[PDB]
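Worksheet for the structure shown next.
Backbone-built Cβ (ideal geometry, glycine too); neighbour counts: all protein chains shown. Each value in this text was obtained by applying a stated rule to the coordinates, not by laboratory testing.
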Amino acid sequence: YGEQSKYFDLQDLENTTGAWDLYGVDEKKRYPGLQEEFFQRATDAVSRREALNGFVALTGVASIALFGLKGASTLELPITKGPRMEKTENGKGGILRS
Amino acid sequence: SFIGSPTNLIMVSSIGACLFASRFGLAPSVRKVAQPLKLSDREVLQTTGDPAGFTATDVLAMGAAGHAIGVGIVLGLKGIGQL
Amino acid sequence: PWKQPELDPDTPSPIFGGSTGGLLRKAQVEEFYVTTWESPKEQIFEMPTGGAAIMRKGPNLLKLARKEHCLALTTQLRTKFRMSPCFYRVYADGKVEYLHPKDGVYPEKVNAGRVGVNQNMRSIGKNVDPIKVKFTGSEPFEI
Amino acid sequence: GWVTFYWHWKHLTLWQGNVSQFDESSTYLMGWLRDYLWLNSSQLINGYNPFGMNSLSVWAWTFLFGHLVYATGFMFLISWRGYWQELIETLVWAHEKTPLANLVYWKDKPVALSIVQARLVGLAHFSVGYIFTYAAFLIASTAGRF
Amino acid sequence: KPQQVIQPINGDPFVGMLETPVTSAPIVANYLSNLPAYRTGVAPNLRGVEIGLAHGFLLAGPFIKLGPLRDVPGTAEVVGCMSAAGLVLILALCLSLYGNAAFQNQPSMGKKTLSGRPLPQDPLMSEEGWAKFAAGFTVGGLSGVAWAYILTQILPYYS
Amino acid sequence: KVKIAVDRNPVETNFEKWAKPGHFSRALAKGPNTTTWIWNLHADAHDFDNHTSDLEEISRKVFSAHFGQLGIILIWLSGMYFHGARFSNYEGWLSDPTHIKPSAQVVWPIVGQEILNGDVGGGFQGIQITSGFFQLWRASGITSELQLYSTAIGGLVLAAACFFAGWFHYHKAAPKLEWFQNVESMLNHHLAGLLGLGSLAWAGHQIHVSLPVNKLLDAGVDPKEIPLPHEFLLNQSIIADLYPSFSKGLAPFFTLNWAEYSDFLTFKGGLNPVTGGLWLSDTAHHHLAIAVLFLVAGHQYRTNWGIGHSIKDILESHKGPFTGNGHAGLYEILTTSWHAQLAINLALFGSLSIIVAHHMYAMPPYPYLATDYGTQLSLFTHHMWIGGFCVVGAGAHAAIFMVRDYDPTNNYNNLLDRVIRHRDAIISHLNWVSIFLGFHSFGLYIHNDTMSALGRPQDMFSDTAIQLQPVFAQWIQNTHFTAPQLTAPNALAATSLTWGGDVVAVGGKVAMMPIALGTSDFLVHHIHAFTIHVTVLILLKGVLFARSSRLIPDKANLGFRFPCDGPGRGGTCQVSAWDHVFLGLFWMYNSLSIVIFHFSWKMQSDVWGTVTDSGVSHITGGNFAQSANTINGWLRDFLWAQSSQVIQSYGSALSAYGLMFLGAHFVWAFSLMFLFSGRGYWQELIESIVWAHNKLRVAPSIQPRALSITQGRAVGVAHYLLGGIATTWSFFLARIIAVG
Ligand code: CLA
Ligand code: CLA
Ligand code: CLA
Ligand SMILES: CC1=C(/C=C/C(C)=C\C=C/C(C)=C/C=C/C=C(C)/C=C/C=C(C)/C=C/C2=C(C)CCCC2(C)C)C(C)(C)CCC1
Ligand SMILES: CC1=C(C/C=C(\C)CCC[C@H](C)CCC[C@H](C)CCCC(C)C)C(=O)c2ccccc2C1=O
Ligand code: SF4
């Protein structure tokens, strides 16, 4: 490959099509050794996509149900507070409904 | 431009310096084409009298450049309060 | 042609600069196309996906992501220089296919060596209505 | 739109009691515009004015929403597929050939909307924006006065 | 001596990139190759831990600073953090969906680092590897959100 | 080397080619079999590339085409001068510019048009004009209608001379290709000669003619007893009292004592308080300095006398390593392609027209022009749109050069070839910055609209709420305001009152006042940047992908203006660069419409108004800082708060603006047929109509055909642009006339 002008050889077609990792290294365990098993045990219970999709949905539906029922009115969101006295009548051209 | 004024002296010295600069190499005249360092000594038309290449357009351009440099020097010195 | 030619890995390629228009990840995943020709001298041509490239005296090699690029380059070469090149297809597993004439004397000629395919002996407009071929899976023009 | 413009303006002038205004103003189109699309839209656009905001805020927002969806329909309707395919190809080269995002790759190849699909989505945005902006204007104009 | 800085990659004028000083700079190449997403020998969960930590630490900021309750003192710093945690959970769900979608098949062609020497397979390019990567991403995002929360509680400056 | 190569009598002067309308094209020389022959006739009428492949005949054709356009413009200018001479109130306007509205078009009493002859004052009735010709005729010192008559007759004479010159320089004495290829002589003669000679002549006219007339005009002297400019020209005594430096009599010019000319060649910043325009002495020194700068720049290139610069050497010598071959072949392209030079000249002309509009709205160069709000708004909007059109045409003709005159032989590794090489990177980065600007401008607008609608104005992007203060523009304003203090100590005041601290006013109306920039101006300016980036993306993509693309590799062989390559590859509709320009025209329209809406609203809300003793009151209530942050605020407080005079214009002097408004609505709406629809449905409808005409034997010999797809797109964009332009024109003019 690339001897004087050739860019194709058909036995190293991994080089012919242009598949190149411009930024790729194979250095293993760059972080210190005691640091992995704290996080390796963190992931192993949620490593499966079934365990992770459930956990995201578990924290999803519960916290969404927490909002509004308990999440609102503690932050004083302006949806569960109520009016003082606004907008009983309507109609500037007369009729004055409600 | 009264004879004896500093502006007249500046103008005449600029004109004479420009003719000296164009007489013997040393300026991008009609004889000397200009590279970044102005070489190769070509020849076109004729000098009509004195040697080198002082043609009708050589003294016309150098007089124009010498006059135009003089307005920069005189008005520059006038703006800063000199002569 | 008389014998089906196989492209040579050794053949050179024209000098060219870096062009953004070129081979993509479809070259890696799916198939890609390769064009070959033999040159008499060094001439300047325009690639169908890039700019201008000076080609090599002798054999040459172009890789195009699409067959349309290959035939556009072929038509450009044949029109400009009476060049008559040929292109191929290289699959992901390394399989090589020959699409530019298997008979070798171009689709413009006949050569009395190819069989008529997808040809209807009936006139256009003599085809039956879609109701007559409804719920059958066959189109009126496919009959 | 013509039949509902006629109905809404005639009935609005009947309810307001000035049927002579409709009788002498529906003849010429400038009066049609001035006394229907401009006069009745005064209460519509004052839904969320910076000085004061009232219950017509959803109607002005829906009016502008219908304008925006109408304009997106125009986006699909004027331009056609073939300039969009090249732009999507350039975006494909952008995503496939960049650091920290070439690892994420699509499974369905991004292609431009087909011409029949283009007409369908342009008609869909056109009609959705048309309906929403007219419903917003009609309800706001009729309900602001009565 | 023309100094042709702009040249195609690997001397190949046929593919997409051309080697440019934005790409060919030693500082840029060393910084990108040392980023966690390009550490091929490291496990994808350890990739996701650092990636999620960085992204969950950065994503908390705009939610606290420009949130709807930013003018309320003491409560903006908790609302921004739990909204950032919710955003991290949403991104984790979409990451898991991408891992399901893009790795239902098996890749057959390697990456071919420069001048050869390619490893058998990136564990990130696998199904369970990307699932572990998304797990590391959500754990890192939650820990980064909590860290940005406690950094808004103890502080010598601002928040 | 440079000479005058001219071929004498190449084309006979006869009506032989007038007899047969289709003669320039061999395809149209057969006959009109279909109705598309007529549209191809009027379309390929001036396309000289496919008429012949010889560059010399094309150069002669375009030379006489420019001669004909110059004669047409001179005829138009002579007609305007004649209208100001005969049907105008210029004599009344000279004695009272602040109370008499300008008028130079008089309608006939034929059918109800007498209501259009509005009461403009001065005992005169007519159409209230907006071009600002009266301000120009007050700057260039003009007193009576006799002088305007003389100017009109001279313009007609020069127009006839220009038409005769075109006829001569094509049919009688046509220059050769080497005559047109003398680029150095062209540049020297149109830098020193055209621009420099015109600037020096205008400076001399201002010094000897316009300065005394304008000095006597603003002093309260009636124009009837003002001496004619030939008296000022011949007699030094009359010009000496108005300007004492004329008593020296050209002595300081040659003796280098130019400081003595500080009375009528002044360097003053600001406007004349009596009139509201720039000082004529400042304009005189300006045009004199411009003449100097163009006389010195017009002697740069080398033509015949050895000295000078060779443009090929300058281009080939600037080579830098990230560009490979640096400007290596561009001299060969620009000396052989008319379309490349057309693109460059049209782009620079359009941009310079944009600068012209901005720098007239900034510094009004005419007396009683700032207070005349209609003339200023019309000039800004008109030159705005003309600049946009020239830029779009520059993109179009660049794409045409790309398709036709571009060849890969001369360019291998130059800048043009490398721009072709990395075109995908340019388009992708432009798309990224397009999406980025679009989101954090228009999404900011939508978010402000939502927070207004949700009853939370404190969450908006406004000055009262969290703000995006344009610190860079305000710092530039402060620097320019303090520029005369330190960096330009010889300036009397600031170069414009955009950033000043004082308010000038003529006749009780504000001429020009300081402009404050806030969050809304930030939002609109970044909206403008987004819109211009999109339009330049469309034009640049059309230019770059005109030759080849990943979709259609053989787009070069398909021509420039082709409808499609068929429904293949999912449908390659509008893939040609012509359709890219067709979309860029609409994007231009949106850009310039929003720009002039910003101009009108900002100037009516923060600049224009009537000055009072108790502060300054503007035209509006100063609501730009409160209503320009939201789309609904923009709508209600600009398009609905205004245009109340257009709808009620009926029965008044400006009812024709309402008629023009509704006709523009009609044409804008009529265009969407040619935009949404296609051709096959219309062709089938035409077939049915052809059957109807066949039934009772009125079948035309020419077969009726539907318009072409490119033809239909052209009709749609033309009707759309004409309708939108006339809509904004009618609305702007009616609002600025009934109020300002
Ligand atoms: C006002 C009308 C309108 C609008 C809004 C658009 C919008 C668009 N066109 Mg189009 N265009 C239109 C009419 C319009 N078009 C017409 C009539 C034509 C024919 C001449 C064209 C011709 C044309 C061309 C030739 C090009 C475009 C492009 C674009 C894009 C520009 C995106 C950008 O930078 O802005 C930012 C995005 C927006 C303004 C969209 C609205 C965003 C709002 C604020 C929502 C924000 C996020 C929101 C909360 C998400 C909702 C979530 C929900 C799903 C739950 C965008 C998709 C260009 C393109 O592809 O991009 C480079 C392009 O090249 N258009
Ligand atoms: C100093 C000499 C000079 C001057 C003043 C001009 C002036 C002009 N040229 Mg140019 N030109 C020149 C030398 C000159 N040319 C040379 C040497 C060449 C050969 C290299 C050309 C080749 C050339 C081409 C190929 C074209 C022009 C064109 C134009 C016109 C551009 C229109 C414009 O910008 O609006 C300015 C408009 C006006 C000022 C209107 C007044 C026009 C008056 C009547 C022209 C008078 C100038 C003329 C040189 C006088 C001598 C001519 C004499 C035989 C009567 C402009 C009038 C264009 C054109 O066709 O227009 C004619 C064009 O396409 N020029
Ligand atoms: C410096 C000015 C200039 C010059 C010399 C040219 C010259 C040329 N252009 Mg360019 N062009 C320009 C400006 C210019 N154009 C601008 C500003 C635009 C943007 C709108 C374009 C857009 C453009 C396109 C898109 C195309 C050209 C083409 C052409 C060629 C033939 C044009 C022709 O035959 O028209 C024939 C003349 C007409 C059709 C008459 C114009 C009628 C228009 C459509 C309507 C005008 C209405 C009017 C404004 C108001 C009247 C209202 C009505 C009710 C009466 C020729 C090379 C074409 C070509 O093939 O290039 C080689 C081509 O495809 N140009
Ligand atoms: C040696 C000799 C001689 C002598 C000679 C001489 C001494 C000469 C001189 C000459 C000269 C000495 C010339 C000059 C010229 C100049 C010029 C031509 C310049 C200029 C012009 C003008 C017109 C100007 C302008 C301007 C202005 C107005 C402003 C701005 C600036 C300027 C300055 C540019 C004799 C013959 C006796 C004898 C033999 C030898
Ligand atoms: C309407 C339409 C047509 C049909 C339009 C045609 C055939 C052009 C008709 C031009 C007319 C004949 C010009 C003259 C108009 C009037 C006859 C002028 C009347 C003047 C009075 C004084 C009588 C197309 O061909 C078409 C093609 C492609 C895209 C869109 C469309 C499209 O929308
Ligand atoms: S709809 Fe028209 S423009 Fe589009 S591919 Fe078909 S024929 Fe071409």
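Brief remarks follow.
- Computed P(r) (all Cα pairs; chain F; 10 Å bins; percent): 2, 10, 19, 23, 23, 15, 6, 1, 0, 0
- Size descriptors for chain A (Cα atoms only): Rg and Dmax, in that order, 31.3, 92 Å.
- Our summary gives chain C a relative contact order of 22 percent, counting only alpha carbon pairs under 8 angstrom and 6 or more residues apart.
- Taking the longest Cα principal axis of chain C as reference, the axis of helix C:67-81 is set at about 60 degrees.
- Residue pairs, from the table D:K109/E:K65; A:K6/C:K41; F:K17/F:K555; A:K29/C:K26; C:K63/F:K541; A:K6/E:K1, whose Cα atoms sit over 27 Å apart: D:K109/E:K65; F:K17/F:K555; A:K29/C:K26
- Those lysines that a straight Cα-Cα span of less than 26 Å connects to C:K134, excepting residues fewer than 8 apart in one chain: C:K126
- Helix content alone sets the calculated 222 nm mean residue ellipticity of chain F: runs of n ≥ 4 DSSP H residues at -39500 (n - 2.57) each, divided across all residues, give -16500 deg cm²/dmol.
- Here the scattering of the stretch F:519-605 is modelled by Debye summation over its C-alpha atoms, one equal scatterer each and no solvent; at q = 0.15, 0.17, 0.21, 0.25 Å⁻¹ the log10 of I(q)/I(0) is -0.63, -0.72, -0.92, -1.15.
- Taking one quarter of the surface of the convex hull spanned by the alpha-carbon atoms of the stretch E:1-80 gives a direction-averaged projected area of 9.6 nm².
- Under the combined filter of DSSP loop state and at most 15 neighbouring Cβ atoms within 10 Å, the stretch C:86-143 retains these trypsin sites (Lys or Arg not before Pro): C:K95, C:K102, C:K109, C:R114, C:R122, C:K126, C:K132, C:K134.
- Tilt relative to chain A, helix A:33-44 - C-alpha long axis, 0 to 90 degrees, to 10: 60 degrees
- The protein assembly as shown - share of DSSP beta bridges that are antiparallel (%, nearest 5): 90 percent
- Values of log10 I(q)/I(0), in the order q = 0.10, 0.13, 0.20 Å⁻¹, for the stretch F:597-720 under a Debye, Cα-only, solvent-free model: -0.60, -0.78, -1.12
- If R0 equals 22 Å, the separation of the Cβ atoms of A:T74 and E:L151 corresponds to a calculated FRET efficiency of about 0.40.
- Top of E:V139, E:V72, E:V49 by mean-square fluctuation, Gaussian network on chain E, Cα under 10 Å: E:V72
- Kyte-Doolittle mean at least -1.0, axial Cα span of 20 Å or more - DSSP H helices of chain F: F:55-86, F:145-167, F:280-297, F:338-362, F:373-403, F:423-438, F:519-544, F:577-606, F:655-676, F:680-695, F:709-738
- Highest-MSF residue in chain D out of D:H95, D:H11, D:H125 [GNM, Cα springs under 10 Å]: D:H95
- Taking θ as phi - 60° and the Karplus parameters 6.51, -1.76 and 1.60, the scalar couplings of the stretch E:39-56 work out to 8, 6, x, 7, 5, x, 5, 5, 4, x, 4, 5, 5, x, 4, 5, 6, x Hz in sequence order, x denoting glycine and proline.
- The coefficient of translational diffusion for the stretch E:11-159, derived via Stokes-Einstein from the alpha carbon Kirkwood radius under 10 °C and 1.306 mPa s, stands at 89 µm²/s.
- Amide H contacts under 5 Å for C:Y88, placed H, 5+ residues apart: C:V34, C:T35, C:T36
- If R0 equals 56 Å, the separation of the Cβ atoms of F:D502 and F:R456 corresponds to a calculated FRET efficiency of about 0.90.
- Residue range of chain F that is longest and free of GluC sites (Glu not before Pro) which are both DSSP loop and sparsely packed (at most 16 other C-beta within 10 Å): F:226-740
- Every Cα-Cα pair in the stretch F:357-416 was counted, and those over 20 Å apart are 52% of them.
- Cut-off 15 Å between beta-carbons: net charge of the residues surrounding E:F63, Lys and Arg +1, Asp and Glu -1: -1
- Listed residue (F:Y261, F:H190, F:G121) projecting farthest to the positive dipole end of the protein assembly as shown, Cβ model: F:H190
- Averaged over peptide F:631-638, the number of partner chain Cβ atoms lying within 10 Å of each residue's Cβ comes to 5.
- For a label point 7 Å along the Cα-to-beta-carbon line of F:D613, residues of the stretch F:500-537 with backbone N under 20 Å: F:503-510
- For chain E, the 222 nm mean residue ellipticity estimated from helices alone, with every DSSP H stretch of n ≥ 4 adding -39500 (n - 2.57) and the total spread over all residues, rounds to -18000 deg cm²/dmol.
- Rounded, prolate or oblate (a/c below 1.5 giving rounded, otherwise prolate when a/b exceeds b/c) for the stretch F:30-189 by Cα gyration tensor: oblate
- For the protein assembly as shown, taking Cα atoms only, Rg and Dmax work out to 37.3, 114 Å respectively.
- Principal-axis analysis of the Cα atoms of chain D puts helix D:57-78 at an angle of about 50° to the longest axis.
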